[PDB]
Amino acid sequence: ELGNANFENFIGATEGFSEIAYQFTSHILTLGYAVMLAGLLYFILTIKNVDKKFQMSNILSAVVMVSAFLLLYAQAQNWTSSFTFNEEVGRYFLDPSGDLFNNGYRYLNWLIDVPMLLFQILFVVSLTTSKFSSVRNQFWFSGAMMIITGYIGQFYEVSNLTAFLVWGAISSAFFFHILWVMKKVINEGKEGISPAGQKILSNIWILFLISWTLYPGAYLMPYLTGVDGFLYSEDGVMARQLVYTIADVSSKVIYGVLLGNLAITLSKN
């Protein structure tokens, strides 16, 4: 009996994980947190490369880096502690002494990441029709609602599929609102800047859309091939954590780097 636990624990407790699955998941989480610490150093060391008015972006990027490093390190340790090798069959099985594995660790830490990532672009682009404070408030409210509803949802991904899907849809509504507001922000930011900055802003928009869409994908991952599908397996576990790592790097580090490049081009010198 596992109750309201993530599906990684069910797979680990019934079939277990092959060497490749367990080792790969550990490797990808380690890569994640190492990327976050390296990004922290990068964003600190390049602060003085942009005009004063843009440096708040670098600062917020560093804040996000700290959050992500700490969380991903904890999550890597959680993964390696929750599953242990069984010599008889050569697979890693659920070790309850390590606690059940739970992805929710990320969700609450998104309560840092999402507000800040949405916030920092407002320190680079200049709005035209929209009010700064109103856009910020909309970002923050919709982000909080999205994160909390998805957090509740993911606890039931095995024990109660209906709650899982309903909470996911409720979260998706706020997600769509966030996408709308960000589209407005980028469009207004394009107005009245050099074509190079406009190209950077278009790249930022594409990056934002794809990387942020990856997260509900990881949310749904075990069921993307339906019940007892190919992905309801260790393959799905690997896929979920890989998608998480790609999304983390893209939405945080590369996003911050593109914002820094935009700040450089908009800066005098």
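Each form is matched to the other, and the largest set of C-alpha atoms that superpose within 1.5 Å is called the rigid core. A residue's number is simply how far along the shown sequence it sits, counting from 1.
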{"query": "Divergent stretch in 5 other deposited structures of this protein, 98-106 or 146-154 [C-alpha RMS, superposed by the core]", "finding": "98-106"}
{"query": "Farther-lying stretch by C-alpha RMS in 5 other deposited structures of this protein (rigid core fit) among 107-115, 191-199", "finding": "107-115"}
{"query": "Greater mean Cα temperature factor according to the PDB record, 73-81 or 129-137", "finding": "129-137"}
{"query": "37-45 versus 221-229 - greater average Cα B-factor per the deposited record", "finding": "221-229"}
{"query": "Which of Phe164, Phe101, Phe93, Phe123 ranks first by CA B-factor in the deposited coordinates", "finding": "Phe164"}
{"query": "Out of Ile28, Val66, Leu60, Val50, highest CA B-factor residue", "finding": "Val50"}
{"query": "Chain-relative CA temperature factor third for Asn9", "finding": "middle"}
{"query": "Chain third (lowest, middle, highest) by recorded CA B-factor, residue given as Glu157", "finding": "middle"}
{"query": "Within-chain third of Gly32 by Cα B-factor, per the entry", "finding": "lowest"}
{"query": "Third of chain Cα B-factors occupied by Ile186", "finding": "highest"}
{"query": "Modelled-residue ranking by C-alpha temperature factor, third containing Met56", "finding": "middle"}
